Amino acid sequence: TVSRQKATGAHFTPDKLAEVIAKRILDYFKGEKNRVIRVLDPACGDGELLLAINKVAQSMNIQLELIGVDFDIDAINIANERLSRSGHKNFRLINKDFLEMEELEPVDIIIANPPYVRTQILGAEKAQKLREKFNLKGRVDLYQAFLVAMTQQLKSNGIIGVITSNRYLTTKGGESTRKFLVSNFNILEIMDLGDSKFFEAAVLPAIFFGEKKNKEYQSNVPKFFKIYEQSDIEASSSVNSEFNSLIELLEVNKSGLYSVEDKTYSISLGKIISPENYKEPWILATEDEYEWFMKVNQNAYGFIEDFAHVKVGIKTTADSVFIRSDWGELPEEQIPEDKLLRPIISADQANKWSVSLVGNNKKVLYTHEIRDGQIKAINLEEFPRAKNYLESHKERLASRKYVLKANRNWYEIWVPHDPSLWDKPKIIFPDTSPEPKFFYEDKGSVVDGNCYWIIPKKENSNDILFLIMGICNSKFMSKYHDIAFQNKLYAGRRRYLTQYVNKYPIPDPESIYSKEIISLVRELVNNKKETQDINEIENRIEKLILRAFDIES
C-alpha cells in the first residue's frame, strides 16, 4: 500500500546532517548579518532545520526570524512546541500548502528538505497540474515544484541550501530542474552524498547551495563534492582513517579514499564544468577524468545511437499472469497453445558474451501477432484455453485504466513491441547491474522488461553487433559510464538505460583494430570451450580498444 508518510514525504532530517547544512549556509552567506535575517523552511515538519540554523546563528551572535510552513497540523504543533522550548522567541509557523495548489514577504535564507513524491503517487492529474503551474516537464517529482516555489519566494542575493534526491543530476526528467537551477542561481556547491545512507529511507540525496541571481549582473566557479562507497580498492591506493564518524567526512577538502568504521568511501572534489548545457547530465568528475572523457569523445567515430536501435523489453504490466515457468502444472483446460507461448530471457539468466541457459522454462503468453501486415492483438475465440486462462485473471487485467483509455483489449500485453523483430540476431543486457553483462542471442526469443536489447539499423549484423558487444563489456566503457552517466542505486548498481547506452562512443568500424576486435568477439561468442583464456582475450580486446581511441588513462 501507499502509507501516509509515502504520499506526503514525511521523513525528518537527522540532527548532524542538518547542522552541517546550516553551517555551510551560514558560511556562504555574505549579506550584512547585523539586522534580523529572515529564514524560511517551506516544509518545516519537526522544525529540525530551523533549530539547527538557529543554533549555528546564535553561536555566531546572529539574530534570526524563523518561518516554517507545513500543511499538516501535527507537524505544526510539534514544531511550535520544539521552537518554544528553545530560547528563541521570534518565530512563526504557517499551516498551509506551500505550493498553494495570507501573504509572505521575500526571505534572505532558505533551508529546506522538501518531500520526494514520485509521479505515480501524485497521480497523472495533480502531476499535470503541477507541470502547468510551475513549468515542469517529464515525470515530475514534488521536490522540483517545491524548488520552483521556494525560489520564487527568495530575495536576490539570498542563499538557498536545499537537500533533495540527486536524480535531477542525471535523469532526463531533471532537465527542467537543471535548467531552472542554472537560470536562477549562481551555483555555489553541489554535494552528491551517494550511497552514504543518512536517512532510513532508500534514497541517494544531494544538497544544493546557491545564490539567487540579481540584475546588476555579477565571478565564482561552481564546485561539487561527491562521496560514494568504494567496494573495489586499488592495491596502490592509500586509505585515510583520521576521521571517526561519517558526518566528519563532509568537511574534507582533499579527494581520495577515507575509511570510516566498516566502510571505505571515495570522495572527489572539483568544479562543475559548464552547467549551462543542461541537456546532458551534469558530470561531476575531477580534472583528469573530464579531460580523458573529452578526449574519448573527440576521438570517437560515432555513437551506438547512430548504428543500432536500443529498445526495451516487453512491459506486460502483469508479470505474474503473462510470464510463468509452470505452464504444464496448470489444469489442462487453461494451458495455452504453444503457438502463443514464446521463450523469454530475463535479467537473472545473463552472463557476458553468451549464457548457456537451461531452457529457463520461462515463457511469455504473447498476445500480439502480424495479421494483415499490421500488429494486431490476438482473437481469443481462436484460442479457447488461453481465453479461459485469461478469464481466470480478468479482474486484475481489467483493472488497468490506461489500457481501457487507449481503447485496447483488457487481456493485451501493454508494450508488446513488434512480433517480427524477435527473430533477428540481437544483443541483450540487464538494466540493474553492477557490471556490464551484454550478450549475443540468435534463437529469436523475447526480451523481458528488466532487460534492454540492441539490433542493427542496417540489415547486416555480420560485424556491428559484435563490435558493440566488445565495446560495451570493457572496463574502458565502464569508466566512461561512471564518468558520464552517474545514475547509481545501492550496492554499486548502475542503470543501463536507453538514454545512456545511446551515448556510448564507437570507434571506426573499418579500422584494423576494430576488425581484430570483431574477430575476437566472434571467437568469444561462438566457441564456448574457453575458460580462463576468456580473460586473456578480454585484455587483448582492452588493448585494442585503447589503440582504437587513445592510449590508456
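We number the residues from 1 along the sequence you see.
Peer 1: What number of residues from the deposited sequence go unmodelled in the gap from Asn244 to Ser245, classed as none, 1 to 3, 4 to 9, or 10 or more?
Peer 2: Gap size class: none, per the record.
Peer 1: Check the residues of the deposited sequence separating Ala124 from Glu125 and report how many of them have no coordinates, as none, 1 to 3, 4 to 9, or 10 or more.
Peer 2: Per the deposited record, the segment joining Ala124 and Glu125 has no missing residues.
Peer 1: Between 374-382 and 68-76, which has the higher average C-alpha B-factor in the PDB entry?
Peer 2: Between 374-382 and 68-76, it is 374-382.
Peer 1: Tell me which stretch has the larger mean Cα B-factor in this entry, 323-331 or 295-303.
Peer 2: Higher mean C-alpha B-factor in the PDB entry: 323-331.
Peer 1: Specify which of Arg38, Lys55, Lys503, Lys528 carries the largest Cα B factor in the deposited PDB entry.
Peer 2: Each of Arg38, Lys55, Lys503, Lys528 was compared by C-alpha B-factor; the highest is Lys528.
Peer 1: Which of these, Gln144, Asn113, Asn360, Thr316, has its C-alpha atom at the highest B-factor, as the entry lists it?
Peer 2: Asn360 has the highest C-alpha B-factor of those listed.
Peer 1: Based on the entry's values, in what third of the chain does the Cα temperature factor of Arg396 lie: lowest, middle or highest?
Peer 2: Within its chain, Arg396 is a highest-third residue by C-alpha B-factor, going by the deposited values.
Peer 1: Mind checking which third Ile233 falls in for C-alpha B-factor across the chain?
Peer 2: It belongs to the highest third of the chain when residues are ordered by C-alpha B-factor.
Peer 1: Hey, what third does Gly31 fall into on Cα B-factor, ranked over its chain?
Peer 2: Top third by C-alpha B-factor.
Peer 1: State the tercile, meaning the lowest, middle or highest third, of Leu404 with respect to the CA B-factors recorded for its chain.
Peer 2: As the PDB entry reports it, the C-alpha B-factor of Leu404 lands in the highest third of its chain.
Peer 1: Is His417 in the lowest, middle or highest third of its chain when residues are ranked by C-alpha B-factor?
Peer 2: Its C-alpha B-factor belongs to the middle third of this chain's values.
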